[PDB]
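The file my_file_34.pdb comes next; it holds PDB, C-alpha atoms.
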ATOM      1  CA  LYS X   1    -140.645  21.478  -1.830  1.00  0.00           C
ATOM      2  CA  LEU X   2    -143.633  21.973   0.520  1.00  0.00           C
ATOM      3  CA  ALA X   3    -144.813  24.817   2.683  1.00  0.00           C
ATOM      4  CA  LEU X   4    -146.087  23.589   6.044  1.00  0.00           C
ATOM      5  CA  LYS X   5    -147.518  26.100   8.529  1.00  0.00           C
ATOM      6  CA  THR X   6    -145.455  25.430  11.701  1.00  0.00           C
ATOM      7  CA  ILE X   7    -147.358  24.196  14.703  1.00  0.00           C
ATOM      8  CA  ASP X   8    -146.939  24.177  18.447  1.00  0.00           C
ATOM      9  CA  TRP X   9    -148.726  21.187  19.752  1.00  0.00           C
ATOM     10  CA  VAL X  10    -149.383  22.212  23.367  1.00  0.00           C
ATOM     11  CA  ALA X  11    -151.397  25.123  22.112  1.00  0.00           C
ATOM     12  CA  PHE X  12    -153.318  22.736  19.854  1.00  0.00           C
ATOM     13  CA  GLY X  13    -154.021  20.643  22.924  1.00  0.00           C
ATOM     14  CA  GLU X  14    -155.309  23.767  24.676  1.00  0.00           C
ATOM     15  CA  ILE X  15    -157.922  24.838  22.060  1.00  0.00           C
ATOM     16  CA  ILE X  16    -160.103  21.767  21.669  1.00  0.00           C
ATOM     17  CA  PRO X  17    -163.355  21.486  23.589  1.00  0.00           C
ATOM     18  CA  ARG X  18    -163.600  18.115  25.401  1.00  0.00           C
ATOM     19  CA  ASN X  19    -166.505  16.892  23.273  1.00  0.00           C
ATOM     20  CA  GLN X  20    -164.056  17.250  20.381  1.00  0.00           C
ATOM     21  CA  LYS X  21    -160.880  15.808  21.889  1.00  0.00           C
ATOM     22  CA  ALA X  22    -161.608  12.646  19.852  1.00  0.00           C
ATOM     23  CA  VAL X  23    -161.328  14.464  16.550  1.00  0.00           C
ATOM     24  CA  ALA X  24    -158.223  16.354  17.704  1.00  0.00           C
ATOM     25  CA  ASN X  25    -156.534  13.105  18.685  1.00  0.00           C
ATOM     26  CA  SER X  26    -157.147  11.507  15.281  1.00  0.00           C
ATOM     27  CA  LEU X  27    -155.973  14.720  13.641  1.00  0.00           C
ATOM     28  CA  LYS X  28    -152.668  14.501  15.599  1.00  0.00           C
ATOM     29  CA  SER X  29    -151.964  10.864  14.810  1.00  0.00           C
ATOM     30  CA  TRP X  30    -152.746  11.280  11.125  1.00  0.00           C
ATOM     31  CA  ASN X  31    -150.215  14.077  11.073  1.00  0.00           C
ATOM     32  CA  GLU X  32    -147.625  11.890  12.806  1.00  0.00           C
ATOM     33  CA  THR X  33    -148.460   8.933  10.580  1.00  0.00           C
ATOM     34  CA  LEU X  34    -148.311  11.130   7.533  1.00  0.00           C
ATOM     35  CA  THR X  35    -145.017  12.601   8.630  1.00  0.00           C
ATOM     36  CA  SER X  36    -143.407   9.220   9.316  1.00  0.00           C
ATOM     37  CA  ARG X  37    -144.652   8.218   5.945  1.00  0.00           C
ATOM     38  CA  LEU X  38    -142.887  10.993   4.004  1.00  0.00           C
ATOM     39  CA  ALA X  39    -139.666  10.306   5.881  1.00  0.00           C
ATOM     40  CA  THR X  40    -139.596   6.886   4.231  1.00  0.00           C
ATOM     41  CA  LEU X  41    -141.323   7.481   0.889  1.00  0.00           C
ATOM     42  CA  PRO X  42    -138.699   8.957  -1.470  1.00  0.00           C
ATOM     43  CA  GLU X  43    -139.496  11.894  -3.815  1.00  0.00           C
ATOM     44  CA  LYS X  44    -138.919   9.780  -6.897  1.00  0.00           C
ATOM     45  CA  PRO X  45    -138.468   6.025  -7.359  1.00  0.00           C
ATOM     46  CA  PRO X  46    -135.127   4.427  -8.295  1.00  0.00           C
ATOM     47  CA  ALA X  47    -134.284   4.924 -11.955  1.00  0.00           C
ATOM     48  CA  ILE X  48    -134.413   1.994 -14.311  1.00  0.00           C
ATOM     49  CA  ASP X  49    -131.279   0.488 -15.794  1.00  0.00           C
ATOM     50  CA  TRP X  50    -132.674   0.684 -19.318  1.00  0.00           C
ATOM     51  CA  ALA X  51    -129.369  -0.303 -20.939  1.00  0.00           C
ATOM     52  CA  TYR X  52    -129.360  -3.553 -18.930  1.00  0.00           C
ATOM     53  CA  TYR X  53    -132.888  -4.501 -19.935  1.00  0.00           C
ATOM     54  CA  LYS X  54    -132.135  -3.481 -23.525  1.00  0.00           C
ATOM     55  CA  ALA X  55    -129.113  -5.770 -23.030  1.00  0.00           C
ATOM     56  CA  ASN X  56    -131.293  -8.734 -22.023  1.00  0.00           C
ATOM     57  CA  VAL X  57    -134.465  -8.722 -24.100  1.00  0.00           C
ATOM     58  CA  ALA X  58    -136.032 -10.559 -27.110  1.00  0.00           C
ATOM     59  CA  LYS X  59    -138.992  -8.524 -28.396  1.00  0.00           C
ATOM     60  CA  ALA X  60    -137.327  -5.741 -30.419  1.00  0.00           C
ATOM     61  CA  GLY X  61    -137.662  -2.076 -29.447  1.00  0.00           C
ATOM     62  CA  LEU X  62    -139.853  -2.935 -26.475  1.00  0.00           C
ATOM     63  CA  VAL X  63    -137.314  -1.376 -24.113  1.00  0.00           C
ATOM     64  CA  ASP X  64    -136.833   1.647 -26.441  1.00  0.00           C
ATOM     65  CA  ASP X  65    -140.622   1.863 -26.657  1.00  0.00           C
ATOM     66  CA  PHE X  66    -140.828   1.710 -22.836  1.00  0.00           C
ATOM     67  CA  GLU X  67    -137.962   4.073 -21.956  1.00  0.00           C
ATOM     68  CA  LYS X  68    -139.495   6.629 -24.270  1.00  0.00           C
ATOM     69  CA  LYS X  69    -143.024   5.993 -22.986  1.00  0.00           C
ATOM     70  CA  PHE X  70    -141.790   6.071 -19.375  1.00  0.00           C
ATOM     71  CA  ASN X  71    -140.117   9.439 -19.695  1.00  0.00           C
ATOM     72  CA  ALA X  72    -142.437  12.177 -20.969  1.00  0.00           C
ATOM     73  CA  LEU X  73    -145.313  10.391 -19.406  1.00  0.00           C
ATOM     74  CA  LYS X  74    -146.491  13.037 -17.000  1.00  0.00           C
ATOM     75  CA  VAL X  75    -148.225  11.559 -13.946  1.00  0.00           C
ATOM     76  CA  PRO X  76    -151.050  13.824 -12.723  1.00  0.00           C
ATOM     77  CA  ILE X  77    -150.663  15.592  -9.398  1.00  0.00           C
ATOM     78  CA  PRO X  78    -153.871  15.081  -7.386  1.00  0.00           C
ATOM     79  CA  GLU X  79    -156.338  18.066  -7.324  1.00  0.00           C
ATOM     80  CA  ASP X  80    -156.466  19.699  -3.893  1.00  0.00           C
ATOM     81  CA  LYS X  81    -160.222  19.591  -3.765  1.00  0.00           C
ATOM     82  CA  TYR X  82    -159.965  19.424   0.027  1.00  0.00           C
ATOM     83  CA  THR X  83    -159.347  22.945   1.469  1.00  0.00           C
ATOM     84  CA  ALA X  84    -162.959  23.543   2.725  1.00  0.00           C
ATOM     85  CA  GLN X  85    -161.063  24.038   5.942  1.00  0.00           C
ATOM     86  CA  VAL X  86    -160.069  27.568   4.865  1.00  0.00           C
ATOM     87  CA  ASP X  87    -163.876  28.009   4.915  1.00  0.00           C
ATOM     88  CA  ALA X  88    -164.646  26.196   8.179  1.00  0.00           C
ATOM     89  CA  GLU X  89    -161.908  28.475   9.566  1.00  0.00           C
ATOM     90  CA  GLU X  90    -163.218  31.859   8.354  1.00  0.00           C
ATOM     91  CA  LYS X  91    -166.502  30.628   9.843  1.00  0.00           C
ATOM     92  CA  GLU X  92    -165.183  30.030  13.276  1.00  0.00           C
ATOM     93  CA  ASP X  93    -163.727  33.540  13.145  1.00  0.00           C
ATOM     94  CA  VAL X  94    -167.152  34.995  12.630  1.00  0.00           C
ATOM     95  CA  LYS X  95    -167.630  32.926  15.757  1.00  0.00           C
ATOM     96  CA  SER X  96    -164.669  32.766  17.997  1.00  0.00           C
ATOM     97  CA  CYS X  97    -162.712  35.755  16.802  1.00  0.00           C
ATOM     98  CA  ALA X  98    -164.971  38.745  16.617  1.00  0.00           C
ATOM     99  CA  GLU X  99    -167.903  37.716  18.788  1.00  0.00           C
ATOM    100  CA  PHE X 100    -165.985  36.522  21.824  1.00  0.00           C
ATOM    101  CA  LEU X 101    -163.212  39.050  21.565  1.00  0.00           C
ATOM    102  CA  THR X 102    -165.695  41.901  21.271  1.00  0.00           C
ATOM    103  CA  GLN X 103    -167.541  40.820  24.441  1.00  0.00           C
ATOM    104  CA  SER X 104    -164.335  40.072  26.355  1.00  0.00           C
ATOM    105  CA  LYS X 105    -163.055  43.587  25.603  1.00  0.00           C
ATOM    106  CA  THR X 106    -166.283  45.123  26.749  1.00  0.00           C
ATOM    107  CA  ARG X 107    -166.141  43.134  29.962  1.00  0.00           C
ATOM    108  CA  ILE X 108    -162.549  44.126  30.551  1.00  0.00           C
ATOM    109  CA  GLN X 109    -163.648  47.747  30.101  1.00  0.00           C
ATOM    110  CA  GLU X 110    -166.353  47.629  32.752  1.00  0.00           C
ATOM    111  CA  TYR X 111    -164.086  45.808  35.195  1.00  0.00           C
ATOM    112  CA  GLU X 112    -161.624  48.648  34.581  1.00  0.00           C
ATOM    113  CA  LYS X 113    -164.384  51.210  35.008  1.00  0.00           C
ATOM    114  CA  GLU X 114    -165.300  49.318  38.178  1.00  0.00           C
ATOM    115  CA  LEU X 115    -161.729  49.662  39.459  1.00  0.00           C
ATOM    116  CA  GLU X 116    -161.949  53.343  38.524  1.00  0.00           C
ATOM    117  CA  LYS X 117    -164.699  54.142  41.052  1.00  0.00           C
ATOM    118  CA  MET X 118    -163.020  52.045  43.714  1.00  0.00           C
ATOM    119  CA  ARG X 119    -159.900  54.215  43.483  1.00  0.00           C
ATOM    120  CA  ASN X 120    -162.057  57.088  44.834  1.00  0.00           C
TER     121      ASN X 120
ATOM    122  CA  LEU R   1    -144.633   7.608  -9.159  1.00  0.00           C
ATOM    123  CA  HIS R   2    -143.630   4.463  -7.312  1.00  0.00           C
ATOM    124  CA  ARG R   3    -146.551   2.617  -8.834  1.00  0.00           C
ATOM    125  CA  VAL R   4    -145.502   3.504 -12.404  1.00  0.00           C
ATOM    126  CA  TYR R   5    -142.012   2.242 -11.616  1.00  0.00           C
ATOM    127  CA  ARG R   6    -143.061  -1.054  -9.983  1.00  0.00           C
ATOM    128  CA  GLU R   7    -145.470  -1.791 -12.831  1.00  0.00           C
ATOM    129  CA  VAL R   8    -143.142  -1.104 -15.721  1.00  0.00           C
ATOM    130  CA  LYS R   9    -140.182  -2.840 -14.042  1.00  0.00           C
ATOM    131  CA  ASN R  10    -142.564  -5.667 -13.258  1.00  0.00           C
ATOM    132  CA  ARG R  11    -143.409  -5.949 -17.000  1.00  0.00           C
ATOM    133  CA  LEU R  12    -139.709  -5.905 -17.856  1.00  0.00           C
ATOM    134  CA  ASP R  13    -138.699  -8.490 -15.213  1.00  0.00           C
ATOM    135  CA  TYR R  14    -141.395 -10.749 -16.596  1.00  0.00           C
ATOM    136  CA  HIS R  15    -139.538 -11.105 -19.866  1.00  0.00           C
ATOM    137  CA  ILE R  16    -136.341 -12.040 -18.033  1.00  0.00           C
ATOM    138  CA  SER R  17    -138.031 -14.554 -15.714  1.00  0.00           C
ATOM    139  CA  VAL R  18    -139.698 -16.105 -18.788  1.00  0.00           C
ATOM    140  CA  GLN R  19    -136.506 -16.103 -20.848  1.00  0.00           C
ATOM    141  CA  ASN R  20    -134.735 -17.708 -17.848  1.00  0.00           C
ATOM    142  CA  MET R  21    -137.406 -20.430 -17.521  1.00  0.00           C
ATOM    143  CA  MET R  22    -137.167 -21.276 -21.190  1.00  0.00           C
ATOM    144  CA  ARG R  23    -133.429 -21.643 -21.016  1.00  0.00           C
ATOM    145  CA  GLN R  24    -133.552 -23.876 -17.979  1.00  0.00           C
ATOM    146  CA  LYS R  25    -136.209 -26.085 -19.562  1.00  0.00           C
ATOM    147  CA  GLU R  26    -134.726 -26.557 -22.685  1.00  0.00           C
ATOM    148  CA  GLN R  27    -131.314 -27.314 -21.197  1.00  0.00           C
ATOM    149  CA  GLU R  28    -133.049 -29.900 -19.037  1.00  0.00           C
ATOM    150  CA  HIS R  29    -134.437 -31.813 -22.000  1.00  0.00           C
ATOM    151  CA  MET R  30    -131.061 -31.055 -23.574  1.00  0.00           C
ATOM    152  CA  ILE R  31    -128.740 -32.608 -20.985  1.00  0.00           C
ATOM    153  CA  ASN R  32    -131.342 -35.222 -20.183  1.00  0.00           C
ATOM    154  CA  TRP R  33    -131.591 -36.104 -23.871  1.00  0.00           C
ATOM    155  CA  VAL R  34    -127.983 -37.052 -23.309  1.00  0.00           C
ATOM    156  CA  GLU R  35    -129.096 -39.885 -21.039  1.00  0.00           C
ATOM    157  CA  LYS R  36    -131.354 -41.702 -23.489  1.00  0.00           C
ATOM    158  CA  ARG R  37    -128.818 -41.457 -26.309  1.00  0.00           C
ATOM    159  CA  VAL R  38    -126.090 -42.934 -24.105  1.00  0.00           C
ATOM    160  CA  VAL R  39    -128.330 -45.712 -22.795  1.00  0.00           C
ATOM    161  CA  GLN R  40    -128.785 -46.397 -26.494  1.00  0.00           C
ATOM    162  CA  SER R  41    -125.023 -46.311 -27.056  1.00  0.00           C
ATOM    163  CA  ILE R  42    -124.125 -49.056 -24.574  1.00  0.00           C
ATOM    164  CA  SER R  43    -127.254 -51.210 -24.805  1.00  0.00           C
ATOM    165  CA  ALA R  44    -126.857 -51.160 -28.577  1.00  0.00           C
ATOM    166  CA  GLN R  45    -123.356 -51.029 -30.052  1.00  0.00           C
ATOM    167  CA  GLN R  46    -122.030 -54.479 -29.178  1.00  0.00           C
ATOM    168  CA  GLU R  47    -118.773 -52.574 -29.759  1.00  0.00           C
ATOM    169  CA  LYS R  48    -119.658 -50.662 -26.591  1.00  0.00           C
ATOM    170  CA  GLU R  49    -119.347 -53.886 -24.605  1.00  0.00           C
ATOM    171  CA  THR R  50    -115.699 -54.099 -25.611  1.00  0.00           C
ATOM    172  CA  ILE R  51    -115.075 -50.598 -24.233  1.00  0.00           C
ATOM    173  CA  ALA R  52    -116.482 -52.263 -21.130  1.00  0.00           C
ATOM    174  CA  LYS R  53    -113.926 -54.924 -20.147  1.00  0.00           C
ATOM    175  CA  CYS R  54    -111.463 -52.195 -21.199  1.00  0.00           C
ATOM    176  CA  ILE R  55    -111.590 -49.195 -18.875  1.00  0.00           C
ATOM    177  CA  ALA R  56    -112.668 -51.533 -16.045  1.00  0.00           C
ATOM    178  CA  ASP R  57    -109.648 -53.863 -15.962  1.00  0.00           C
ATOM    179  CA  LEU R  58    -107.762 -50.598 -15.498  1.00  0.00           C
ATOM    180  CA  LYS R  59    -109.252 -50.618 -11.993  1.00  0.00           C
ATOM    181  CA  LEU R  60    -107.807 -53.704 -10.283  1.00  0.00           C
ATOM    182  CA  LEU R  61    -104.370 -52.532 -11.353  1.00  0.00           C
ATOM    183  CA  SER R  62    -104.100 -48.902 -10.211  1.00  0.00           C
ATOM    184  CA  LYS R  63    -105.663 -49.539  -6.794  1.00  0.00           C
ATOM    185  CA  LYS R  64    -102.988 -52.105  -5.862  1.00  0.00           C
TER     186      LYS R  64
END
Translate the structure of the given file into structure tokens.
Amino acid sequence: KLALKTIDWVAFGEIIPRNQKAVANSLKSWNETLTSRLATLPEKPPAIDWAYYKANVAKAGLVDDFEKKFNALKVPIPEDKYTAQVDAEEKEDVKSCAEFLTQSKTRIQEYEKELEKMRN
Amino acid sequence: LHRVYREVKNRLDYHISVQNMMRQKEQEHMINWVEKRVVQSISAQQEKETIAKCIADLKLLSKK
């Protein structure tokens, strides 16, 4: 079972600069593609009627050999060598997060200070 | 996972397809071999020219 950070798409639409809409588009479709894909690609494949094959063979314990070999062959799960995003994120927080937010707050302060005066 | 399945099953099915082909072939030459031994039975055996006039005169009759 997978974890999958939930996602509201209209927000995602609203955070991409225009010069980057391209990327964002491809990112969306891949997701959709990928999703469709998993809907159709089953967790595991059909089993294998070993008895039947054992029932119709000719080379001796080939089937026995195979059933054994099949089971307790552990297929590797692919390394996630791909989360450099975590990094590209933390980076854009240096950027977006703090820097902008800090300045926005300060501007909201002065505005407020400016409404202060005007009350008197 | 799917690939392992397909490939193994594929190796298995090969044996069946082969086996099946052998059977067919052989039983071709087998039932066909029948032909050339029966074309030898009538062409030869002058006593298979008697079993000719036989079964055949049993045609005219029945029909009528």
Atomic distance CA of residue 53 in chain X - CA of residue 73 in chain X, expressed in Å with one decimal: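 CA of residue 73 in chain X lies at a distance of 19.4 Å from CA of residue 53 in chain X.
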Return as a count of residues only the set of residues that the PyMOL selection byres ((chain X) within 9 of (chain R)) yields on the displayed structure. 16
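Straight-line separation from CA of residue 12 in chain X to CA of residue 29 in chain X: 13.0 Å.
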Interatomic distance between CA of residue 30 in chain X and CA of residue 80 in chain X?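 That distance, rounded to one decimal, is 17.6 Å.
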Could you give me the centre and size, in Å to one decimal, of an axis-aligned box around all listed atoms of range 49-53 of chain R with 4 Å added on every side, as JSON?
{"center_x": -116.6, "center_y": -52.8, "center_z": -22.9, "size_x": 13.4, "size_y": 12.3, "size_z": 13.5}
Your completed range 31-53 of chain R with N, CA and C atoms, as a PDB file, keeping the file's coordinate frame:
ATOM      1  N   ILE R  31    -129.738 -31.797 -21.671  1.00  0.00           N
ATOM      2  CA  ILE R  31    -128.740 -32.608 -20.985  1.00  0.00           C
ATOM      3  C   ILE R  31    -129.338 -33.954 -20.608  1.00  0.00           C
ATOM      4  N   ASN R  32    -130.655 -33.978 -20.454  1.00  0.00           N
ATOM      5  CA  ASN R  32    -131.342 -35.222 -20.183  1.00  0.00           C
ATOM      6  C   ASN R  32    -131.386 -36.068 -21.450  1.00  0.00           C
ATOM      7  N   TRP R  33    -131.587 -35.412 -22.588  1.00  0.00           N
ATOM      8  CA  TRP R  33    -131.591 -36.104 -23.871  1.00  0.00           C
ATOM      9  C   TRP R  33    -130.291 -36.873 -24.012  1.00  0.00           C
ATOM     10  N   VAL R  34    -129.261 -36.372 -23.345  1.00  0.00           N
ATOM     11  CA  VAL R  34    -127.983 -37.052 -23.309  1.00  0.00           C
ATOM     12  C   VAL R  34    -128.158 -38.466 -22.772  1.00  0.00           C
ATOM     13  N   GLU R  35    -128.905 -38.590 -21.682  1.00  0.00           N
ATOM     14  CA  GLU R  35    -129.096 -39.885 -21.039  1.00  0.00           C
ATOM     15  C   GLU R  35    -129.559 -40.936 -22.037  1.00  0.00           C
ATOM     16  N   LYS R  36    -130.719 -40.699 -22.641  1.00  0.00           N
ATOM     17  CA  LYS R  36    -131.354 -41.702 -23.489  1.00  0.00           C
ATOM     18  C   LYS R  36    -130.586 -42.023 -24.768  1.00  0.00           C
ATOM     19  N   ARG R  37    -129.657 -41.159 -25.155  1.00  0.00           N
ATOM     20  CA  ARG R  37    -128.818 -41.457 -26.309  1.00  0.00           C
ATOM     21  C   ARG R  37    -127.539 -42.191 -25.900  1.00  0.00           C
ATOM     22  N   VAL R  38    -127.242 -42.197 -24.606  1.00  0.00           N
ATOM     23  CA  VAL R  38    -126.090 -42.934 -24.105  1.00  0.00           C
ATOM     24  C   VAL R  38    -126.511 -44.300 -23.572  1.00  0.00           C
ATOM     25  N   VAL R  39    -127.771 -44.416 -23.162  1.00  0.00           N
ATOM     26  CA  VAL R  39    -128.330 -45.712 -22.795  1.00  0.00           C
ATOM     27  C   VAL R  39    -128.600 -46.497 -24.065  1.00  0.00           C
ATOM     28  N   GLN R  40    -128.659 -45.776 -25.181  1.00  0.00           N
ATOM     29  CA  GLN R  40    -128.785 -46.397 -26.494  1.00  0.00           C
ATOM     30  C   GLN R  40    -127.412 -46.759 -27.050  1.00  0.00           C
ATOM     31  N   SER R  41    -126.377 -46.091 -26.552  1.00  0.00           N
ATOM     32  CA  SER R  41    -125.023 -46.311 -27.056  1.00  0.00           C
ATOM     33  C   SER R  41    -124.378 -47.569 -26.476  1.00  0.00           C
ATOM     34  N   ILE R  42    -124.685 -47.874 -25.218  1.00  0.00           N
ATOM     35  CA  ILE R  42    -124.125 -49.056 -24.574  1.00  0.00           C
ATOM     36  C   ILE R  42    -125.005 -50.282 -24.778  1.00  0.00           C
ATOM     37  N   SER R  43    -126.314 -50.110 -24.609  1.00  0.00           N
ATOM     38  CA  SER R  43    -127.254 -51.210 -24.805  1.00  0.00           C
ATOM     39  C   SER R  43    -127.144 -51.726 -26.234  1.00  0.00           C
ATOM     40  N   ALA R  44    -127.146 -50.804 -27.194  1.00  0.00           N
ATOM     41  CA  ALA R  44    -126.857 -51.160 -28.577  1.00  0.00           C
ATOM     42  C   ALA R  44    -125.360 -51.391 -28.709  1.00  0.00           C
ATOM     43  N   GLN R  45    -124.787 -50.905 -29.805  1.00  0.00           N
ATOM     44  CA  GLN R  45    -123.356 -51.029 -30.052  1.00  0.00           C
ATOM     45  C   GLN R  45    -122.743 -52.155 -29.226  1.00  0.00           C
ATOM     46  N   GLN R  46    -122.726 -53.357 -29.791  1.00  0.00           N
ATOM     47  CA  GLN R  46    -122.030 -54.479 -29.178  1.00  0.00           C
ATOM     48  C   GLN R  46    -120.543 -54.141 -29.071  1.00  0.00           C
ATOM     49  N   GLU R  47    -120.131 -53.117 -29.821  1.00  0.00           N
ATOM     50  CA  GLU R  47    -118.773 -52.574 -29.759  1.00  0.00           C
ATOM     51  C   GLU R  47    -118.655 -51.536 -28.642  1.00  0.00           C
ATOM     52  N   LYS R  48    -119.703 -51.439 -27.827  1.00  0.00           N
ATOM     53  CA  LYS R  48    -119.658 -50.662 -26.591  1.00  0.00           C
ATOM     54  C   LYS R  48    -119.817 -51.605 -25.402  1.00  0.00           C
ATOM     55  N   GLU R  49    -119.433 -52.857 -25.635  1.00  0.00           N
ATOM     56  CA  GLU R  49    -119.347 -53.886 -24.605  1.00  0.00           C
ATOM     57  C   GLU R  49    -117.884 -54.317 -24.542  1.00  0.00           C
ATOM     58  N   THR R  50    -117.144 -53.941 -25.582  1.00  0.00           N
ATOM     59  CA  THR R  50    -115.699 -54.099 -25.611  1.00  0.00           C
ATOM     60  C   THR R  50    -115.045 -52.973 -24.821  1.00  0.00           C
ATOM     61  N   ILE R  51    -115.536 -51.748 -25.009  1.00  0.00           N
ATOM     62  CA  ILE R  51    -115.075 -50.598 -24.233  1.00  0.00           C
ATOM     63  C   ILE R  51    -115.584 -50.718 -22.800  1.00  0.00           C
ATOM     64  N   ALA R  52    -116.076 -51.912 -22.480  1.00  0.00           N
ATOM     65  CA  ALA R  52    -116.482 -52.263 -21.130  1.00  0.00           C
ATOM     66  C   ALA R  52    -115.306 -52.920 -20.417  1.00  0.00           C
ATOM     67  N   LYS R  53    -115.045 -54.186 -20.738  1.00  0.00           N
ATOM     68  CA  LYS R  53    -113.926 -54.924 -20.147  1.00  0.00           C
ATOM     69  C   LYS R  53    -112.665 -54.056 -20.118  1.00  0.00           C
TER      70      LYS R  53
END
